[PDB]
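Everything on this sheet refers to the single structure shown next.
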Amino acid sequence: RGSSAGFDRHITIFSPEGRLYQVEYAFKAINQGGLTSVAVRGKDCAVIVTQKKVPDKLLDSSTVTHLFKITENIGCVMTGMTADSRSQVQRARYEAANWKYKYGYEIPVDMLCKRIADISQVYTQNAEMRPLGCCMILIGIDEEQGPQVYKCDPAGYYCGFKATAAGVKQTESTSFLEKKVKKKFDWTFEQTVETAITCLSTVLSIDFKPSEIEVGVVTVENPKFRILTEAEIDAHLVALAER
Amino acid sequence: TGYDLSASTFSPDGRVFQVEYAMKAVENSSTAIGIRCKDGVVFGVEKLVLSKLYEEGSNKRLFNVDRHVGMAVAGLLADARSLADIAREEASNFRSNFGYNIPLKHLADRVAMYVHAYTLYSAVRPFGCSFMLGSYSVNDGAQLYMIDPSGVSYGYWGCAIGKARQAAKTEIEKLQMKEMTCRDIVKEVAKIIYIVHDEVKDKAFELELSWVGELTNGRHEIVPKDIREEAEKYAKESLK
Amino acid sequence: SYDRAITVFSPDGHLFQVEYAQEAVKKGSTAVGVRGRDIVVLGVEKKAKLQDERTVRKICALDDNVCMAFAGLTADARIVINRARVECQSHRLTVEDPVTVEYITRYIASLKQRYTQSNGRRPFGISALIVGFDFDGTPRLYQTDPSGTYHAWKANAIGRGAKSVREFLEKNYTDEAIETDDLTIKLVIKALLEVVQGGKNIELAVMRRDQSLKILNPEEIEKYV
Amino acid sequence: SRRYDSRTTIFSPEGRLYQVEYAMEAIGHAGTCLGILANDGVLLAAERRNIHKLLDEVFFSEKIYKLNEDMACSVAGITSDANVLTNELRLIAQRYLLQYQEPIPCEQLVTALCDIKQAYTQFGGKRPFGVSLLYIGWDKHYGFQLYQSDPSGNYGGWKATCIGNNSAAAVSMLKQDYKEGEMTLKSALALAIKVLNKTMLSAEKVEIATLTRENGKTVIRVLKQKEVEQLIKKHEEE
Amino acid sequence: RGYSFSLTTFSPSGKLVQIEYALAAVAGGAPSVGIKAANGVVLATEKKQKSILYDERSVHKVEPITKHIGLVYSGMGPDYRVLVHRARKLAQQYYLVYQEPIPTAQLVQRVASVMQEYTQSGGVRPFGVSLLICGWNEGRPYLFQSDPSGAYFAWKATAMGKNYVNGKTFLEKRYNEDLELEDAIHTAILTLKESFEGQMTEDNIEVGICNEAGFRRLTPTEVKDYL
Amino acid sequence: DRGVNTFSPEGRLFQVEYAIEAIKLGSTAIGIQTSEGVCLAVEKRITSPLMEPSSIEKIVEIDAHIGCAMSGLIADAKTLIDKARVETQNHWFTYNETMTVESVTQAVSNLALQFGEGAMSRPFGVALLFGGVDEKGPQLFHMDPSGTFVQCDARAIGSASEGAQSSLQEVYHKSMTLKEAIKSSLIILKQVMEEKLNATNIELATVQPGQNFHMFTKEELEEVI
Amino acid sequence: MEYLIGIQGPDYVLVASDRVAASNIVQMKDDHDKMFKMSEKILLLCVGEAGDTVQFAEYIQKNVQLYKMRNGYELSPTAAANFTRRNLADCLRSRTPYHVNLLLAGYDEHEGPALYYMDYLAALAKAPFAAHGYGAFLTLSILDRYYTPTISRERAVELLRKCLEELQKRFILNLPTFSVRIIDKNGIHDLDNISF
Amino acid sequence: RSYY
Amino acid sequence: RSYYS
Amino acid sequence: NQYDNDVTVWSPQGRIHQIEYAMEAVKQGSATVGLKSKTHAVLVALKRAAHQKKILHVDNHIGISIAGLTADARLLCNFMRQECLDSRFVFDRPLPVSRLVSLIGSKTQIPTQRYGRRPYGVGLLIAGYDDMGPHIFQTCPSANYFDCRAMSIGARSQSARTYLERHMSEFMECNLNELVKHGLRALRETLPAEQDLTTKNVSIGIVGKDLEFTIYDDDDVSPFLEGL
Ligand SMILES: *[C@@H]1CC(=O)N(CC)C1=O
Ligand SMILES: *[C@@H]1CC(=O)N(CC)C1=O
Ligand SMILES: [Cl-]
Ligand SMILES: [Cl-]
Ligand SMILES: [Cl-]
Ligand SMILES: [Cl-]
Ligand SMILES: [Cl-]
Ligand SMILES: [Cl-]
Ligand SMILES: [Cl-]
Ligand SMILES: [Cl-]
Ligand SMILES: [Cl-]
Ligand SMILES: [Cl-]
Ligand SMILES: [Cl-]
Ligand SMILES: [Cl-]
Ligand SMILES: [Cl-]
Ligand SMILES: [Cl-]
Ligand SMILES: [K+]
Ligand SMILES: [Mg+2]
């Protein structure tokens, strides 16, 4: 019951309970960022929303982002340690480019997520490096399945979701999103951008300015990953206010 | 017993202490600042004089990493010099492969990913240095980036590293740098260094100044001696 | 591959792993060597019923003109013996002469020394007594130990109770004792009977001038006892 | 990293190899396994540690492995390590046959594997194999043979031996009952049941293989359950 | 670089503790059941459907290796994916040489060999997974288990994961050899139902079958019917 | 726990410190440099009358013009001696001339400190006296496990070197003849040795401008005593 | 070229080889020996390219001797022949092929006498008699004519003498002396040289 | 244990 | 121990 | 304790103890002094049997003085010699002194960041002459390097540094004789009050505008000591 032996808290060897403490500590590392991200998919699109905290006025806020283009058709949001995050983004871009080169078609979102997760698994089994203290959420359109939302973690777990979250208010976001799908017919989100912003606003108790969040979208009609401008975000925040 | 001996070890609260300890080495260094203005970037360094036996110009903390890119450092200087070499090699390789000058943002990203690679393993230790990269071109305008020991990279209007970072930022925030020329900024940079300089604790320092902008035709250069001396005199008289 | 420095210096200039290797030798069965006038004799203590005697022998031929006995880790010994056997053939190949007893000793010793200064390896836990004749028909007896030191002896013992046997040989190794072939073999048996308390649990081998190794039968050993 | 290295291939202050000794501890907790040499063959008798009711039994044996035409073996210790080593034995045997176009003599096969085991105790910084093996075989040099190897890479020839659980008690019974040079296969069989009777009786709980010569050719056969159930009945009368 | 020393070693009592701790990860895993019938094998597992937000069809626990071989696991999901990839690769390498589908037993042996490597090789921990492998070759069904050590066993029926001890005695009571595949699926679901509680649907269990026609996962519709 | 390439707070390599301590476990060697040549003298330190004294070799020939006395862990020295022998022959091959005593010493000391993490796991636990004659005249050099080498007029190494060095500084003068130097070192060896000095338990060698490296025979030692 | 000949009888093998070492137009040695003792009852006779012959044969020699030292008993002639073939065949497509033609002659205690023929391509054949060199073209038919499996050692020597006389008569090269050896249960015996 |  | 001699 | 055995371990105070310990090694070496005028660069060294060499030739235009581990010193000297040879081979011109020092810093930094490696336990004074005139550089176990008007390293070198600061305003305009004497006087400060500079314990190296790097020992240093 929380027992330890030897170096089971220093390197990724099993504890008496069969736990990997270093892996568990990597999840704690995600929260050191102090940010929360939300993703939701509908029939028509998939959306990622994250906090944008710019505490320093001397920062060029245009260079502060957690949204990343992996390919033209795949976007992602990164939660956790920033430099670890960027490294995983580069790897995703590499895996996706290499896939296209070898196989002559764009990597499916599920496959890219699986690949990143398989890479993370290695860090949980080999003692000499640490896991990355970050979390990746991928969005894209699949030709057959429609909009996709995938998430992988430092343990090397991955899954597709109707909606998901990451970061500080992950559990509270999951609670909010669960209570909303159970109401919709056929357990499916309809107003997806509105759902994501509302979820994040509730769990944080903020009520955002357009400069305080980032929004990325893929749609069935427009598969190319797109980052909303400040004016585009505002039109959503103004609409969610005037009901 | 301790969770702070290896960069390949997380603490129970999800911290990597070796990276944090390397950042402390930066915090113990004297201050360097970068300010992005209308038509370029200016760098200034409080360079502590440890001995009167040293030559005026010894232990430079300002580097050219490409013809259009300057670098200002704080922390363990040997580590900083090796990062200057990494950056130079990266700029050099980019030109060979792609056939043009490396964009500043791309260089920052590339060097940062190199820095980051040293935060993962027991086989190596994190760099004990932070640095700023500055550049100007007509197409890209003025750009200023800063990288820390963890490998984080962001762009700035104004930036400070070293022991008087917070005090330097306070002064920098008072400037409307976007509207100012490099000529005006060198004076302000000199001023801010003289303000944050702890005259009681650290005795003697040389001011080190460089710039890149329209006035240098996108080439990173040392600020001319005559302009540097004018800035020193202005900073000295302002501190009255 | 594994590159940990295993043999290192301690305060006082000790190489602990080598000293521990020497302890492994002392846990080994006693082995005695005597150089005679025109004969060299090796004798070893034996540890059982139901065991095949042929398979577990502590006296081994390296070449036609060289053989050795060992004390310590028996697995380590097999490795050293086979290394030496290869080297004896490489020498015959390159110089067209059989190895001198000193040459092969020097080889075995330097092999052992290397395992005291190489990364990722522990020392060999054996000592060896190496006997034979040179081209000019001079009888030879050498000893090697884990450190890689080697010396020539008139007579010597290694393994458990080597110190007692050595002190016996010091008082007993005279011209009268090595005057004939029968008395040379006897001196070895007597040396062994000093620590084996036995006589039926001893293996013995003789080597004469250009005549190859001859291992004595239990019936022939019972005659001396 | 020197911190995390358990240093598996070093000497203790007494000149002992701890990993080797701990490996031999593992073997002492493994299923009983014994071999007996006779005038007309060799046999292996093993305790099955797979005695669950829901097991399938898909192979002809569980603890007895054929190595080549003239040789079989049995194992005590870590099962997975035994799989590595037995595969390697098959490779060595085939490498010899390729080279010489004759079967590998039994002792040569044992020596070759023991060299691998010895290497793991001296360099590479890995844990040794936690396996003792009993080898039975025939060659043109020494005829019927029985060998035993242990984790350090030591081996020896035996007329009868035992490894695994209660092997000390078994070796005692063998010393008393084994008639040196007068054993047939039928009497060796009897003695094997008698020894396994004390140290452990059911036909499902034991496994017996014999090695004989028929028409200038080696026969290795695992006794059927009917033959074993008849041997168990023949003892209880005594 | 990479560590060259073993992270699994023998303890004074002759135990390999890392393997035992690996088995603790297995025993803490979600329950899995394997039943070999007269004319097929069935693999069944619980999906820790901790939320309705999951897309349960996005990842699978019951996985094809070849056309005639399938597998499931108890323990650590990411470790399982490694072994699934290796098994698929080993099956193809065999096919390229022999131009014949790999026998189930041959696949298990090769996979178990990989699992053995991680108990001895430098700088790695063992896998925290046990495998249930099913197959059909030589007009005969097969069910194997492979444990973290690399030891493998052929089973008529077994269970692994949480409450496997209780599951095994449940099977010992409800299994005869003559039982056919249709009935074997029924009793496999009931075995998982012993240690479930949470209202069983076709979304929180996965079932795979193996017969003459080969290995396939049961479709959600097929599972709904058996419930 | 600690690595082979660790500095102490005092700025010393631990392993090198410990290797220098191991020299003190060695028997005493003496070298004296005169204008008439250099002499080397070493205590054999016989541990048993059964051991052959001539199989203890602590003075060796490097080339016709260079000798070498050793003290410490003798097995470690063999690899250093080989390097010196090979290097002198490499120099002859390339340049068709004799390699200077200094150059040989320099080449051997290049090996030291070349350890760390199947390469060398630890420093060599031996000290060397190189004595020879080149175009600069007779020369004696000392090298220790650290790889430091230096020219010496007179030097003692081994267990009783501190006392022997005191004796040397008293007796040595620059105009001193070689015959005096031989007698001096034998008198000093006599007083620092545990056992009684005779013709079988010491070694002596000279190199002169006139003649090649010469190991003193038994009869030549008796004359000197 | 160099000449090799072997004749297997009921309980012995008789072997002979020329004793000339040639270079260009001159005989450089007239007491050359082309036979290598592998063990007490095995001879390897080796001809072919300079360097390759002695390098290959001595390699096999030292390996056959190493086997004996390691195992306490010797390779059988058949095992030695296959070992030889393995090595030569392994080198065939390597950077270091050996251009050698061999006879291996031996007596086994259980199998009796044996004679093996091997060419540089490393094809191995057991033969009751065999010959290498240009001389073989002139002598093989004499062997075919007169050989019987039960031939005595006395007759084998005279049949060898017939072959050697044919070389003196008909062969364009000067081969005046021959090494002669016999292997039986008592080991290798040196017979008198046959000289002209 | 089951791995013996 | 049985691994000496 | 746990922060001082590995060069890859940062302490909580942002230090690396192994590097600091390596710097102690140079303090245990005997004193050496370097200073320059506008035309010449001079090295002076105290030598601790013959007196141990301290000044080494690198190229016709570069020489060094050493303090610390002798073996590390030769390893670094060999690297430096090689770099100079490489430059002359490729470009047919001497390697600029500042470029060599940069190469040294880059080389000596590598082991300070890699596990199982150790810093170079040696400090160098480097005297050179090139297109930019005379130079004195100092290199450290930390892999840092300094461009000096004058410098002293080794045991009791603090008092040599004190002398140098006092007199450095007149160094630039000194002829060679006066510049060497300044170096000798500074080095003499390191000595106990009774001990004196002799021809046995002093080593001098000189490079300048029209003089290749030359080392003076024994009888050759007599002219320089006579003027004191
Ligand atoms: C993805 C699909 C699913 O049901 N799981 C288990 C909770 C996932 O992680
Ligand atoms: C700077 C670098 C160096 O070697 N030292 C002497 C200890 C410094 O002060
Ligand atoms: Cl909705
Ligand atoms: Cl900072
Ligand atoms: Cl070796
Ligand atoms: Cl002993
Ligand atoms: Cl076979
Ligand atoms: Cl076979
Ligand atoms: Cl390692
Ligand atoms: Cl896969
Ligand atoms: Cl297939
Ligand atoms: Cl399927
Ligand atoms: Cl000494
Ligand atoms: Cl040194
Ligand atoms: Cl410094
Ligand atoms: Cl200093
Ligand atoms: K890890
Ligand atoms: Mg060729």
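Computation of the quantities below employed the complete heavy-atom set of this structure, encompassing side-chain atoms and omitting hydrogens, waters and symmetry-equivalent molecules. Order of listing sets the numbers, starting from 1, for every ligand and every atom in it. In what follows, chains are A, B, ... by sequence order, proteins preceding strands, each numbered from 1.
- For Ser110(C), the side-chain contact (heavy atoms from CB on, under 4.5 Å) partners two or more places apart in sequence, or in a different chain, are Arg114(C).
- A salt bridge does not link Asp147(J) to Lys60(B): none of the charged nitrogens lies less than 4.0 Å from a carboxylate oxygen.
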ask   = Going through the checks in order, is the side chain to side chain contact (heavy atoms under 4.5 Å, CB included) test met by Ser48(F) and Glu170(C)?
value = CA-CA 8 Å; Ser48(F) 179; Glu170(C) 280 178 358; 2.8 Å; yes
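- Listed by number with element, the atoms of ligand 2 under 4.0 Å from a non-hydrogen atom of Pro141(J) are 4 (O).
- Contacts with ligand 2 closer than 4.0 Å are made by side-chain heavy atoms of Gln138(J) only, the backbone lying farther away.
- Geometrically, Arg81(B) engages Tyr145(J) in a cation-pi contact, judged by NZ or CZ lying under 6.0 Å from the ring centre and within 45° of the ring axis.
- Here atom 4 (O) of ligand 2 lies nearest to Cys140(J) when heavy atoms of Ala143(J), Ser142(J), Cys140(J) are compared.
- In this structure, the protein non-hydrogen atom closest to atom 7 (C) of ligand 2 is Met23(J) O, 3.7 Å.
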